[PDB]
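Read left to right, the sequence shown gives residues 30 to 626, 689 to 1273 (UniProt numbering).
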Amino acid sequence: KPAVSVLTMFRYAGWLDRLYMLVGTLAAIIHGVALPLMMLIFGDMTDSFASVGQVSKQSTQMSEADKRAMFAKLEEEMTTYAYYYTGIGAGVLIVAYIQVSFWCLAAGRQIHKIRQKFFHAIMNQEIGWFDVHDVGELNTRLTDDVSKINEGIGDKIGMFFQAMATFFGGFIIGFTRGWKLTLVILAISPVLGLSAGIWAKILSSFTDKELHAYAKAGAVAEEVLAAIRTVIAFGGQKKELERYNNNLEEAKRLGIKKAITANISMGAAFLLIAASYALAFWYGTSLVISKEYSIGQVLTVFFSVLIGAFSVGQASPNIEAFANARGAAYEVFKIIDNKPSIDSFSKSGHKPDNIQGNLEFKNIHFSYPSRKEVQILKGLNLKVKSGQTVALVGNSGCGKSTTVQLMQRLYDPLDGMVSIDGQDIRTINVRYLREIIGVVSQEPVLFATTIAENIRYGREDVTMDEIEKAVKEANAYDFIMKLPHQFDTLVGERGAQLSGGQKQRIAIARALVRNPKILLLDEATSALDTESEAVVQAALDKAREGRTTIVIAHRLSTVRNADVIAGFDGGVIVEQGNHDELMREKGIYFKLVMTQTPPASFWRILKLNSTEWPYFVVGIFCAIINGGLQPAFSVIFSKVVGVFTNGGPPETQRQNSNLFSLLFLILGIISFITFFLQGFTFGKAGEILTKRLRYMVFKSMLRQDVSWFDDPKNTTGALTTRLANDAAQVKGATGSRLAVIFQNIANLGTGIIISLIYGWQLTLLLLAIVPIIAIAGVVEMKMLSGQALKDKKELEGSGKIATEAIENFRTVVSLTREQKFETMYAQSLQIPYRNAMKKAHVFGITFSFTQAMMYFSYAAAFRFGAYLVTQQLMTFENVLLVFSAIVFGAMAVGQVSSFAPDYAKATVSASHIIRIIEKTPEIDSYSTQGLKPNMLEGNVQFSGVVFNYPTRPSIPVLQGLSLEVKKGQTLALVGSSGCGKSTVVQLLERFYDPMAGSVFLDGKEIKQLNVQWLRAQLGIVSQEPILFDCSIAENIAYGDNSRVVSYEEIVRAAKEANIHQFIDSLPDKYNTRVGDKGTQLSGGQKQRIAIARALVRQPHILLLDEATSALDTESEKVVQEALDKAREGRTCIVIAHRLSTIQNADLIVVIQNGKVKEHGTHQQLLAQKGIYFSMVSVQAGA
Ligand SMILES: Brc1ccc(Oc2c(Br)cc(Br)cc2Br)c(Br)c1
Ligand SMILES: Brc1ccc(Oc2c(Br)cc(Br)cc2Br)c(Br)c1
């Protein structure tokens, strides 16, 4: 919404840039004007053949006499025109170069200037400006918004004035040479803009319906795949498939209805567009029989108008490129024009010599850019004597750290003044101020150069002698020399990561070359290992005594030798003096001392599509007819102008022109009829395989075992996404692109035959010319992409050192040296600049070449069409035909290169979708094999079970686990932590077979037992019961599948679960909807319902996995009261974390490290004193 003044945007265009644009826009206008003139001459050549075409047939008497005056007219005329076109092509060769070259030159020259000014502006902003902005958005604003500016002031402007030239020069020749047809062509324009407006309304309203249609099926998939362990537990795998299959049926019917309506839309749209033209051209014919126009002029205005009319559309993208470049230039120029109060690039203020370093802060009130929300300094008074070293202590607020900020004049105070020597800090140069202040901060930062270079960021003029003394004077010399490459080592975020106390000494050496008169030491010893701290601390003490120093730290070790110590309380200075004095004061300082002491030929995807042997053959056959039908319009056009250039006697003409225009419209309606079919047929054929794919995939997905859904690679969202995309992508490959790619190869095929068999070696010429300009148009775009990738590679090297500069900013400004990064970024940009110069000559040559090879190609089209062909006995009417036939058949093949990614994007989406069906599990619920025992009673026999989870085969959970529980008993299961408690329930449910050992139920190993039958006698109840969106009676009836459960039977379960209080309390009762879609209710209810569906099954084994986990107060007492009634009549395994409710259990088992450690009845384990009695004691007390 915000934008820029048009002149301010080119403020950096001066002298030549202003000329380049003027000459560029000039030749651009010349380039545009060139095309409608090309059409104007195409009318005069018709007139030439038309006068001879009328007189040659008018003879029917003399033959040799027509070999004289006729050919003489032709050779003076045709050579005059051919001489004229050859000139036009040389014109576009020059102006198209001038057009694109100059604008890309002015763009490159300016964008170089933008970048430099704009990075200069970034480094010039005071710190308070950064505290309110994100540096990351800023740097991306650097590389992206400048790119958008380049796109707008580039060669697009030349294309714009080229297009307006075609537009203006279009209707000028349109109006002057024939004003009537223009108004007639504009009259059908609202119809063409109204038919394409029905597309913006149909597409935008139906693309939502499908995204709503599958969102009903994709919602089924998401509550299933999220609750997958519950559907697997109760074996609703046939229902949840069925229940997704039923939503796929509706998505199919809505998909065929969309295929019917959308194909009715296209066909009617084209048939209105084509009829609109043909009426404007038939009524072109009505004006030649009346002698208001020449047969040549009708063409001249008809093309020049339609050329200029479509030239409007070909200019619209360049407008939006200019405006976006303006809007992008706003926030950029806003940074360049913005002037600071502090600078640091300013050459102003005093530069005191013989600085002695007496510092005082007077009544400083300050607040960071958070402003009125917080005020961190409520007045202040502090002097530090020259040579002395003052230490600042504080409990919190870190108002300590603020004084180092103000002493650098990173910000100015709200009220008060900071004074170095006698002068206010605001009178001294900002740069000289920071050159007389050395700074060592908590986190040290080192730039990605050599050690000597990071030290060289202290001062630019320095010799390895002074680097050596500096590092040796910060005892950092002994420790780099051992490191290889000597001073020539590397540092940075990337490469040679060092010890913290080692990085700080390089920072101390960096600040030491600064020979500062003032020293600021903020938190430097803090957050550092204890032993290297003393190594650094020796350097800090060796860095002082030549300087006045303010130091801030939480290490009270460094503070004793400070000449004065100062404590803060709420930004107010409270205590000051020597260490001993503050201790006698017994205040804040004393109080803090005591405290601290694979693309491949996949045919099988088409073999599954072979479910419909018809529906394709209908579309293909119907597409090829549409293909062969489409040049016949060019054949009609060729003979509407043909017979009427070849007229002779004029009485018969008016009667035929009505006949062709009729045929045309019969040929368009038979084109409508065939194009509805080829769309509907593929549409239906695509939507039905969409179901089969999503059915078989969702079937095969319910076939894998829990081992697969635990994979971090496969989550519920990633599976629904994999489910939707892959099915839609393969639909597109077999859908429109294939009907179109066969319609078009039939288009060119039925066109090339007509052209080849009519014109001899005429067609053989055009088949030498057209492929070359097509290839030359491709190699242009390859070179285009190559230059694009290359410039991206070498401007990111600049933006990379810009990245380093700006997100490490507060350090660089503390060291000054902005002019360093300033110069480095300039040297970095100098390569893309001198590269951007070559870009202009390259784009100009290529574009001018492809334009010239289009104009020269058509000079050869007529000079060969006449002369050697028309001095013979071949006819203009065919040359017209071969043009439209070949040229349209070629531009119809241009759709093949556009639908190419729809094939690859589908094959890749196919690549996964064939794998996902064929993958078979270790434990398949679908296998009908298994024992299905007859005897009812249930044991559980864990024996030597070692188990590790397939996702994390690192820490074992179960290793040598052995349990046995009789029928009708409760097996209490206590654990130190982890799923060692829970893995038992997962292995009995056979979510996994154990690594070693075995688990048995009735004496039979479950591993050889039937998988589905096994789970059918299991009453699993988890800690968070997931309930699908449906009737609570149906969430309950979900406990027994393969059979519909009686109402009184699901009532019996709700009676058991003690949930029947709601189930009548609701207005709907058992038919109320739950799942946080129809109704919401708390967890105690959800849980009871899960108990209800558990015991609908009438299991022989309950499995209670921390059922009271998320629950509170009386809700626990009632759910436990339901669980305690559910057991005592069944085999039970309970791992609930309430050991008070576990006292009345028949056997308690303690799990240690996957081994069973300690077991027995409650009082038995309570008589023993160990883990279980440590467990019961810790909760009962707490
Ligand atoms: Br009559 C008549 C026939 C074709 C005309 O131009 C074409 C041409 Br040439 C090809 C196709 Br496909 C559709 C149309 Br409309 C015109 Br304008 C008038
Ligand atoms: Br786009 C384009 C369309 C026709 C052009 O010249 C003609 C013209 Br004018 C008439 C016929 Br028939 C074929 C061609 Br090719 C040119 Br040059 C460019």
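Ideal placement from N, C-alpha and C gives every residue a C-beta, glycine not left out.
Rounded straight-line distance, which links the Cα of residue j to that of residue i
i, j, result
"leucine 1194", "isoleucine 1111", "5 Å"
"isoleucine 579", "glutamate 402", "28 Å"
"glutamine 139", "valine 933", "19 Å"
"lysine 996", "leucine 1022", "46 Å"
"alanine 63", "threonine 902", "59 Å"
"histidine 1151", "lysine 698", "54 Å"
"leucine 1257", "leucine 1054", "20 Å"
"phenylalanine 1119", "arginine 1143", "21 Å"
"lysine 86", "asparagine 292", "47 Å"
"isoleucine 892", "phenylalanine 476", "10 Å"
Contact test: residue i Cβ vs ligand 1 heavy atom, cutoff 7 Å
i, result
"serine 315", "no"
"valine 731", "yes"
"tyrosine 113", "no"
"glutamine 721", "yes"
"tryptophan 311", "yes"
"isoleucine 760", "no"
"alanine 303", "yes"
"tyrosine 110", "no"
"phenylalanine 728", "yes"
"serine 752", "yes"
"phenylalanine 724", "yes"
"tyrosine 322", "no"
"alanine 63", "no"
"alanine 307", "yes"
"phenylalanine 755", "yes"
Residue i (DSSP reduced to helix, strand or coil)
i, result
"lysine 1248", "strand"
"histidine 1228", "coil"
"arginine 1164", "strand"
"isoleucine 866", "helix"
"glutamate 1013", "coil"
"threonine 108", "helix"
"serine 1089", "strand"
"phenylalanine 476", "coil"
"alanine 420", "strand"
"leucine 240", "helix"
"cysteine 713", "helix"
"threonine 1019", "coil"
"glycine 738", "coil"
"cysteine 133", "helix"
"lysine 615", "coil"
"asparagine 179", "helix"
"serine 415", "coil"
"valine 33", "coil"
"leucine 549", "strand"
"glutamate 778", "helix"
Neighbourhood of residue i by C-beta, 7 Å cutoff - its chain only, sequence neighbours within 5 removed
i, result
"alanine 111", "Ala950, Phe953, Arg954"
"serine 305", "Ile217, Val220, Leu221"
"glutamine 962", "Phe100"
Neighbourhood of residue i by C-beta distance below 8 Å, restricted to the same chain and skipping five residues each side
i, result
"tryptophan 851", "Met965"
"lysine 146", "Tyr41, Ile365"
"residue 627", "Because the chain is numbered from 626 directly to 689, the model contains no atoms for residue 627."
Same chain, Cβ closer than 6 Å to residue i, neighbours up to 5 away in sequence not counted
i, result
"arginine 1229", "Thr1199"
"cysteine 1223", "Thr1061, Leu1193"
Just to be sure I understand the criterion: a residue counts if its Cβ is closer than 7 Å to at least one heavy atom of ligand 2. Which residues meet that? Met67, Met68, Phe71, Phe332, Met945, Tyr946, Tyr949, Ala952, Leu971, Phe974, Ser975, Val978
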